Amino acid sequence: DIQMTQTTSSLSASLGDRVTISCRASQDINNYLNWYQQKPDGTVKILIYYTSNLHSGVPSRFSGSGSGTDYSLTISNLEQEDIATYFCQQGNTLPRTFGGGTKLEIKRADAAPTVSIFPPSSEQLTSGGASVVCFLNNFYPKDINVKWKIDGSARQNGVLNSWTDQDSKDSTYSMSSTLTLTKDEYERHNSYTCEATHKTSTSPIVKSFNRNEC
Amino acid sequence: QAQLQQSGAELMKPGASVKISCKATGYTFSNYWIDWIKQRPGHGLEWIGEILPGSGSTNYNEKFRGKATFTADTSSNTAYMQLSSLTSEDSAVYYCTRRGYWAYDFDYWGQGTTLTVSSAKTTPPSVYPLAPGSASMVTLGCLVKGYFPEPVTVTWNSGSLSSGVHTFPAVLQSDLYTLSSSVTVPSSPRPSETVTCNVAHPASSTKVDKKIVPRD
């Protein structure tokens, strides 16, 4: 077996920037090192075959060098479509092995999330369940925070979250959060608050609603 | 446009087996070898084995050995991979590829199939609509709760609305998944006009349409 190693597993870079992902091998590979690209949604397409250098009909800003153990793929001009995960893979000995990967991100202006909270639907209440959805969308950087305060109190229980991969048309991220409870406890309070804390506002962007108001 | 139509069965109880299917049309099926790769959500892209359609051939990974077996079929042009003694770790996304003779690269990848080993009863995604509650751009939503196994297909306006849309990965809470999607539009559009998120779920062959209507 041959252990393929990719140094940085994640990489952030600004548009236009050149970028060089390096993949190392357990020993000489006689130059049998390929390069692939897996954008989100699992779609993968090769990039270079034989020890880099060689393409397949893909963009010309992709290239790669490499000798025996140290090869490396290079992106010359970064386009807002190059955001994906890049792997390497030697097809010399057996079994065929891949590197760990390298998620490439495109640094872009710090923005704030657009929040939106939503009350249980008429439909789910009929079923004895109360779920409160809050959306924190199109923000950057990806590190943001979310807290629920029911009638001025704590979350921690009944909240499930879900972050998205960076968008490919505006290098932004978005988060969804869901406070769930039994319709029964939903009716025991009046104020429900989605408190989001990012680093673009020295004060948490807040959305919330009450129950008799509706 | 040479490619490989993939997607075998996605759900079988632990302790049984399946046969992910891989159709490769767009070149001469028996000329080049085929590859089967594995990608568990822990982002590891493991190389399973490889078969040459014309012969019998094969080179398995001394790991998935006994765990996988590559089936021919020169006739229809479809490669197969049966996985047995299935457990929670075989649950992952499997890829089939074509290797290009001369150099050992995988030039054309299929869209991979997602396998789910589990003894959980399939269940219809309950769909509730997310409509703004506090009386330019407004965001609305669809909450798809309690559904197994994956996946579902969420769209807005039979495909007509695709920008300002956001569908978040699901979350297993307790045997059931629950996912939601959001879609933003200019204020004028709604509720001045209709906005409906159609969610699909083959597992239960359920296909629902829920339109967002003012004041919850």
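Per-structure values
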item	result
Calculated P(r) tail over 21 Å for segment A:122-214, as whole % of Cα pairs	36
Proximal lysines to A:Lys142, defined as alpha-carbon separation beneath 24 angstrom and excluding residues fewer than eight positions away on the same chain	A:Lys39, A:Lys103, A:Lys107, A:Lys169, A:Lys199, A:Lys207
Exposure proxy ranking, count of Cβ atoms within 10 Å, fewest first, for A:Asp82, A:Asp165	A:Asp165, A:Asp82
Rh by Kirkwood over Cα pairs, then Stokes-Einstein D for segment B:120-214 at 0.692 mPa s and 37 °C, µm²/s	242
Of A:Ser122, A:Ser131, A:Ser72, the one that fluctuates the most in a GNM where chain A has Cα springs shorter than 10 Å	A:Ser122
Two-decimal Rg to Rh for segment B:1-119 - Kirkwood Rh, Cα set	0.95
Helical contribution to [θ] at 222 nm, DSSP H n ≥ 4, -39,500 (n - 2.57), averaged over chain A, rounded to 500	-500 deg cm²/dmol
P(r) of segment A:1-107 over all Cα-Cα pairs, binned every 5 Å from zero, in whole percent	3, 14, 26, 26, 19, 9, 3, 1
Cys residues of chain A counted as unpaired, since no other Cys beta-carbon is under 4.7 Å	A:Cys214
17 Å Cα-Cα reach of A:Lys149 towards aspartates and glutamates, excluding residues that sit fewer than 8 places from it in its own chain	A:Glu185, A:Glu187, A:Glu195
Proximal charge balance of A:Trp148 [Cβ under 12 Å; K/R count +1, D/E count -1]	+2
Over 32 Å [Cα-Cα, chain A], rounded percent	40
Distance cut-off 30 Å, percentage of C-alpha pairs in the protein assembly as shown lying past it	51
GluC sites (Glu not before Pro) within segment A:145-214, DSSP loop, no more than 14 other Cβ atoms inside 10 Å	A:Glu187, A:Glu213
Net +/- balance of residues flanking A:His189 in space, Cβ distance below 10 Å, scoring K and R +1, D and E -1	-1
Around B:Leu115: net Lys/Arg minus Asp/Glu count, Cβ-Cβ under 11 Å	-1
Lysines whose Cα lies under 26 Å from that of B:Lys121, excluding same-chain neighbours fewer than 8 positions away	A:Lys183, B:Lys13, B:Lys19, B:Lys38, B:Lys67, B:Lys145, B:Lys207, B:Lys210
Expected-Rg normalisation [2.2 N^0.38 Å, Cα atoms] applied to chain B	1.25
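Only the coordinates and a few stated rules stand behind these numbers; no lab work does. Methodologically, a virtual Cβ is constructed for each residue, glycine included, from the backbone with ideal geometry; neighbour enumeration extends over all protein chains shown.
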